[PDB]
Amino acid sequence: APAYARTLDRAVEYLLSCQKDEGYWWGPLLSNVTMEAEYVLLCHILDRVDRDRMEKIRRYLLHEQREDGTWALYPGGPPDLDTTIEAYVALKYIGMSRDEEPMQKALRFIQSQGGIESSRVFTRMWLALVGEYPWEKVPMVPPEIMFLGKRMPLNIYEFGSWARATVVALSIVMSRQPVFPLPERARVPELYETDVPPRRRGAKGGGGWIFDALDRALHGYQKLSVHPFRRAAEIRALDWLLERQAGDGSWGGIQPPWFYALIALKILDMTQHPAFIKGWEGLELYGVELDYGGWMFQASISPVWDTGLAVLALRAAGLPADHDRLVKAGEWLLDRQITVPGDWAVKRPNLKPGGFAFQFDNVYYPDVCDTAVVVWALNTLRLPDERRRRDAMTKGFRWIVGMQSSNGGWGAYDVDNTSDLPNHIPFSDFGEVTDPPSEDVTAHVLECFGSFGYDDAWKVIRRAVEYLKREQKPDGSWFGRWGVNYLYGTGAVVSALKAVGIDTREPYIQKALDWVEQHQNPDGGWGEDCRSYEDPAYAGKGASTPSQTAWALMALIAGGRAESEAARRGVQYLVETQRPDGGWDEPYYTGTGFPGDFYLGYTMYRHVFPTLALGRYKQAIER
């Protein structure tokens, strides 16, 4: 048996050993230290500071700090000002003196970059909440935003789902401009002393007279003593949040809206209300005790995604469709299907619910990637209740079809969330504020649809293929919206095109395959650093990683190049780097939350992607 077959066997065993008893897989989702620095400030604001938890956060913050005293958005990344400021503030709050060495190094970096005035809106706002920055200088999000109807400019349904609940809860918070002063010893006036002139970070899409004027007017309005209908607007914001709280207590299964909603409830004197109580208590599910004694808070949690990918990888590796561990995973997945309408129903009010979310319980926010991967995984299994499996797949498939956007692609949560307005408000200087269709999500949908044998005679698929063709870059690659980066998008897109019957001998696909081969590293693997999002010199370039090597391999295998020196060397790379336990290490992030601003380490990718790629490789070589 060739070396790759034994490597595969060991990967399969390792992946099965990671499965939880209930049937799902779930790895920690890594990001950056602003999650934990903001949890420290949240504890301060809510007056619920647990000393033992603070010690573990201190230990984690220091462990994440690099030797030059800075923190980054991803492992090996450039020093990040916003992140370093928040870690410094949380450390001083926990108890480190500004005279300790780690604090001095951090401060030197912070002051070298223009301090607190050069930091993003959310960092200044967290400081305003604790009395360290003026609320008058934070861009206003007025509660009267709730009066804008669904076809009005800047209404909440023009924002992407992850920004929408944030806008609603912050409209309550900014309405009151609450201040929860820090103890004297934790104050940070030193963050205003700068080496260089501070420079305000602006809106990602660029501001403009009308937007600066509106922001100025909203601050002037804020100063008035009477605000007609403001209370009514606040009640709409509160009701909107109360109706949509997720079953785990979060808002949308993600850190920002959750923390801001809890502050909004605190400010409204609702700490004895079940939404606040359950919202507070649910936080522990997202915390992770680390092996070196630290504690972290997950930006989000990925069990459905981890599970659907693991099933696909194990099926590709050779486990039968009725393997008992996969049957258990399949039955667990069937119970996660959502049968109620979510915010997506604003654009699709007659579309029958059938999606899946990322987290365990988040019914109002199913997403296209999880639905595609779960429907596809279910299609590879044989379960005891076949009629239930078929009905689930039909409902999920139909829900994906109904969520297709007008340009032929799919966004993650909504249809046609393409408004250009949210990009120009002062508030939006960080991350993405809208959810337009992207290449990788579209490609995953096509892989799912392709698994049922459909092709571009079906206009849904044809429109999607034309969208991918228009988005292909000049060098032949495809961008990675949610995975790192041109390797991820290129790998997803070529697999998708192959899966729906496109002839991979066409020149545009051959060009993408050559792009993949030209980026292979000397060690035989492929890698792509997160610097790729802001620097063209890093396109398809970085230290090799198991997951990015797997993506490149999948592009080559889908393109008919399994029997090529490039694929042989990639397989050998995976063989040679596999750990004794059958898994792989991956100290670099290969996930993307927001291009340029927020990166993710999906800890299962290093095991599930190599298993998947090696299984596809084996099948291509055997056939």
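A residue's number is simply how far along the shown sequence it sits, counting from 1.
Checked against the record, the higher mean CA B factor of 243-251 and 151-159 lies with 151-159. The PDB entry reports B-factors from which the mean C-alpha value can be compared for 198-206 and 492-500; the larger average falls on 198-206. Considering 435, 289, 86, 99 together, the PDB entry gives 99 the largest C-alpha B factor. The residue among 560, 28, 69, 570 whose C-alpha carries the highest B-factor in the deposited model is 560.
For residue 602, the recorded CA temperature factor ranks within the lowest third of the chain's modelled residues. Annotation for residue 575: C-alpha temperature factor in the highest third relative to the rest of the modelled chain, per the entry.
For residue 137, the recorded CA B-factor ranks within the highest third of the chain. Only modelled residues enter the ranking.
Annotation for residue 477: CA B-factor lies in the middle third of the chain's modelled residues. In this PDB entry, residue 591 carries a Cα temperature factor that places it within the lowest third of its chain's modelled residues.
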